[PDB]
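Report on the following structure.
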Amino acid sequence: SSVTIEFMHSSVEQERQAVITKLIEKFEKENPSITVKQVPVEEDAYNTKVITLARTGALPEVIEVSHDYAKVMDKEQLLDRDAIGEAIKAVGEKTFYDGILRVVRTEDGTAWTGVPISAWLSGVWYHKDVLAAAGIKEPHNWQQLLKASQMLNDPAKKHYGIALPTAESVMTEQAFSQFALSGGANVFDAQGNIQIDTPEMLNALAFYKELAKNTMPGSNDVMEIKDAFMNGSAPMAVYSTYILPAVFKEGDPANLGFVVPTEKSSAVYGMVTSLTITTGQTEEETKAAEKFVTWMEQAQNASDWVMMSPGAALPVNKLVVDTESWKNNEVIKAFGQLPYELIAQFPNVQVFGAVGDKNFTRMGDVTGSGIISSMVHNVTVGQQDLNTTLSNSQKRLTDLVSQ
Ligand SMILES: [Mg+2]
Ligand SMILES: [Mg+2]
Ligand SMILES: [Mg+2]
């Protein structure tokens, strides 16, 4: 037959639009019955475009979504869970690495919010030569990580042991999360209730405060973290995997190391990018949406999507590492075993709101308020009282979603 469907994505850069354009041409050649239209919309405009086209019923059939925004559309019942589950069933539930399907799970835990295609990770990076010269082995817990930051802290030379995020932004909530989660604390419990005033969270908030005693003074934003790790003022830094292209361009790839904040468990933060399928479409469009999403999970197709950001974007599909576009990539080859060590950390992906097989959509309102990040900002930058800040934050949190 014939049907035209739309693929909405966040690639406004002309370099990545050409990769997607080449992918659509290949898919259309192998499926002359289907036509795929590009809808490139930047990430700052993504939300306002989606809710507009949804109100008018003009939602694109396939949409690239992060796992946090996929919960927003699923909360509004804009996602076809049946078509998404059918696509994952076709690709194979075990074609994805361990720990990737769990984060994109729905609140009731019955289905998924999208078919994952990539993910970037965040953790504590370090210069191997600095730690190896000082006799500091790779930390295996909080205490060893905090000690290493204390030996490497030298405010007399404007040198700091670790670059730790402290600004009122989503990154600080991200950085604090892998310490809160490694300590066994989540914003939500198994029943979906918000509860952050707990001994496990207070312990992680106290350690983040202690680790913040070895960072740059003031409010540290994403740019200050990157510059501090790049210029040598901080041998350790909490950053996303996007530090890999920066190190490949202006640094030393063989000098980059990675440690996972560990205490009660091992916690690495990750944002999973998925190809979701929307509701309100004809049966011909839905089956064509399943076909394109499944076709995108093939070896060369998923690798072509992941390699639009070499090093930073990591393959959640197990078929990519065997593809030639990945194995001979200069950025991948430069970092040696680090991209695979990062891939091996997928089972340790822990994010706020994901409690077991359930990721609660209510975390979107928590992150959108900045309450967690402002709490860390007040405890570290403001030196405000630990317990009153935690309890007050829990009060606004309950006040937010009980209103
Ligand atoms: Mg600052
Ligand atoms: Mg390591
Ligand atoms: Mg339609």
Side-chain angles (χ1 to χ4, degrees), residues 2-8 34-37 39 50 52-63 78-80 83 121-132 136-141 144-145 148 158 160 163-169 171-172 175 178 212 215-229 231 233-239 241 243-244 247 253-262 266-268 276-292 335-346 348 373 376-377 380-382:
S2 211
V3 65
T4 308
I5 63 159
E6 271 170 7
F7 176 34
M8 168 170 287
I34 315 199
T35 298
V36 171
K37 300 322 255 169
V39 200
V50 160
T52 300
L53 305 169
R55 288 182 186 159
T56 37
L59 260 191
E61 287 73 25
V62 184
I63 298 183
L78 306 172
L79 302 185
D80 199 305
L121 297 175
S122 162
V124 192
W125 309 93
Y126 70 93
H127 301 312
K128 298 212 230 253
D129 53 354
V130 178
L131 266 70
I136 292 183
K137 289 166 269 296
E138 169 152 329
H140 299 147
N141 52 36
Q144 289 165 25
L145 166 71
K158 321 288 279 322
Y160 303 96
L164 195 66
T166 51
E168 311 187 74
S169 67
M171 149 198 264
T172 305
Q178 38 190 324
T215 197
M216 296 87 54
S219 208
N220 294 330
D221 52 56
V222 49
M223 316 203 176
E224 280 157 339
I225 302 276
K226 190 184 182 298
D227 300 3
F229 188 70
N231 73 346
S233 72
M236 306 188 293
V238 172
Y239 211 76
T241 32
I243 201 79
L244 266 81
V247 170
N255 198 40
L256 195 54
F258 189 76
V259 327
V260 178
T262 296
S266 293
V268 57
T276 196
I277 304 181
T278 58
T279 327
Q281 312 297 340
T282 67
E283 311 302 303
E284 315 78 64
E285 287 161 344
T286 304
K287 192 50 69 42
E290 290 171 14
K291 188 81 185 41
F292 178 70
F335 283 105
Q337 297 314 306
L338 185 96
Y340 309 103
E341 157 184 14
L342 292 168
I343 279 154
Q345 277 317 304
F346 280 154
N348 297 313
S373 35
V376 178
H377 174 83
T380 55
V381 183

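For reference, positions follow the sequence shown, starting with 1. Numbering of ligands and ligand atoms starts at 1, following listing order. Only this structure's heavy atoms are used, side chains among them; waters, hydrogens and symmetry mates stay out.
- Distances from the Mg ion (ligand 3) show that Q281 has an N/O/S atom below 2.8 Å.
- Within the coordination shell of the Mg ion (ligand 3), defined by N, O or S atoms under 2.8 Å, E6 is absent.
- Residue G257 does not count as close to the Mg ion (ligand 2), with no N, O or S atom under 2.8 Å.
- Looking only at its N/O/S atoms, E61 has OE2 as the one nearest to the Mg ion (ligand 3).
- For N220, every N, O or S atom stays at 2.8 Å or more from the Mg ion (ligand 1).
- The N, O or S atom of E341 with the smallest distance to the Mg ion (ligand 2) is OE2.
- With 2.8 Å as the limit, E224 counts as an N, O or S neighbour of the Mg ion (ligand 1).
- In this structure, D221 CG and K226 NZ are separated by 12.5 Å, a value rounded to the nearest 0.5 Å.
- Remark: side-chain polar atoms of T276 are not paired, donor with acceptor, to backbone N or O of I63 under 3.5 angstrom.
- To the nearest 0.5 angstrom, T4 atom OG1 is 9.0 Å from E61 atom CD.
- Between the side chains of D80 and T286, no donor-acceptor pair is found at a separation under 3.5 Å.
- The angle that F258 O and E138 OE1 make at the Mg ion (ligand 2), rounded to 10°, works out to 90°.
- Listed by chain and residue number, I136, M236 satisfy the side chain to side chain contact (heavy atoms under 4.5 Å, CB included) test with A148 (two or more places apart in sequence, or in another chain).
- Every residue two or more places apart in sequence or in another chain that forms a ring-ring contact (aromatic ring centres under 6.0 Å, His included) with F229 is listed here: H127.
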